[PDB]
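Worksheet: one structure, shown below.
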2 protein chains.
Amino acid sequence: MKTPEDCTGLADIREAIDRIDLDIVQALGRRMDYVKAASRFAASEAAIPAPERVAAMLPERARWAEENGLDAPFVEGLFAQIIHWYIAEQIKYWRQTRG
Amino acid sequence: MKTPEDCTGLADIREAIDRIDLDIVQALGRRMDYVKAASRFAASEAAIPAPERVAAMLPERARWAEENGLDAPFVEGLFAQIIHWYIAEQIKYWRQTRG
Ligand SMILES: O=C(O)c1ccccc1O
Ligand SMILES: O=C(O)c1ccccc1O
């Protein structure tokens with residue numbers, strides 16, 4: 001596993017990107033564990049989507065993007081897609097655990 | 001950060017989720033370092049998009065999604081977007097520096 005500067009061709013590059021992508025999938029895997037646990041602190045299925053939390057989360061992620069060398073809008077939009085899939089998945093977990 | 005099981009409320013849940021989302025953002029920042037470095041292994045900009053690489057990457061991330069208990073099409077849908085963002089970022093960096 002080589003740093004960007006030590007990479008001598010695309011195989012080296014793609015070895016590190018595959019690893020990074022797997023970390024992202026693994027992190028998303030762990031995120032679902034916390035999103036499912038979040039369902040226990042929801043009094044109803046309507047209490048889950050929590051729009052104020054989403055709206056405040058998103059500019060928070062956009063800033064982190066900038067602090068990491070990335071244009072914000074795309075990263076904000078990416079997290080918008082992530083958060084909504086997890087919301088729907090939480091409702092699905094709430095429905096099967098609470099009816 | 002507590003374990004999913006030890007979280008008392010939404011405050012503990014959100015602490016963990018913020019940490020994982022930041023982990024993802026940082027992973028994306030490092031991924032950019034590698035994508036930018038990859039421009040020096042392309043003779044022309046035409047070589048950059050490399051559709052053959054995209055086609056192989058996709059089902060591999062789908063497979064990883066399943067191995068981590070996530071919807072394959074969803075995660076596969078996220079990467080299709082990520083990858084095309086970085087291709088477009090790569091080309092810009094390429095023109096900028098002329099690799
Ligand atoms: O997954 C999230 O971050 C989330 C945010 C707000 C409401 C429900 C959720 O699952
Ligand atoms: O970012 C990627 O994974 C990528 C993949 C194929 C071609 C160019 C790229 O930037």
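Just so it is clear: chains get the letters A, B, ... in the order the sequence lines come, proteins before strands, and each one is counted from 1. Indexing begins at 1, ligand by ligand and atom by atom, following the structure's order. Atoms considered below: every heavy atom in the structure, side chains included; atoms not considered: hydrogens, waters and symmetry mates.
Every residue meeting the side-chain contact (heavy atoms from CB on, under 4.5 Å) condition with B/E67, not counting sequence neighbours, appears here in chain and number order: B/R63, B/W64.
Nearest to atom 1 (O) of ligand 2 among the protein's heavy atoms is B/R31 NH1, 2.7 Å. The nearest heavy-atom contact from the protein to atom 4 (C) of ligand 1 is A/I83 CG2, 4.1 Å.
Within the structure, ligand 2 lacks A/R14 among the residues with a heavy atom less than 4.0 angstrom away.
Numbered from 1 in the order shown, with element, the atoms of ligand 2 that lie under 4.0 Å from a heavy atom of B/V35 read 1 (O), 10 (O). Interface atoms of ligand 1 facing A/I48, defined by a heavy-atom separation under 4.0 Å, are 7 (C), 8 (C). Applying the 4.0 Å criterion to heavy atoms of B/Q90 picks out, from ligand 2, the atoms 8 (C), 9 (C), 10 (O). Applying the 4.0 Å criterion to heavy atoms of A/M57 picks out, from ligand 1, the atoms 3 (O), 5 (C).
Looking at B/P49 against ligand 2, only its backbone comes within 4.0 Å, counting heavy atoms.
Not one N or O on the side chain of B/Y93 forms a donor-acceptor pair closer than 3.5 Å with the backbone of B/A88.
Residue B/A37 comes nearest to A/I13 through the heavy atom pair CB-CD1, 3.9 Å, listed as atom of the first residue, atom of the second, then distance.
Each salt bridge (charged side-chain N to carboxylate O under 4.0 Å, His left out) pair with one or both residues in residues 19-30 of chain A, not counting sequence neighbours, appears once here: A/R19-A/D23, A/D21-B/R31, A/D21-B/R61, A/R30-A/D33.
For the residue pair B/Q81/A/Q81, the side-chain donor-acceptor check at 3.5 Å is satisfied.
Ring geometry for A/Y86 against B/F74 counts as perpendicular: the plane angle is over 60°, on a 0 to 90° scale with 30° as the lower cut.
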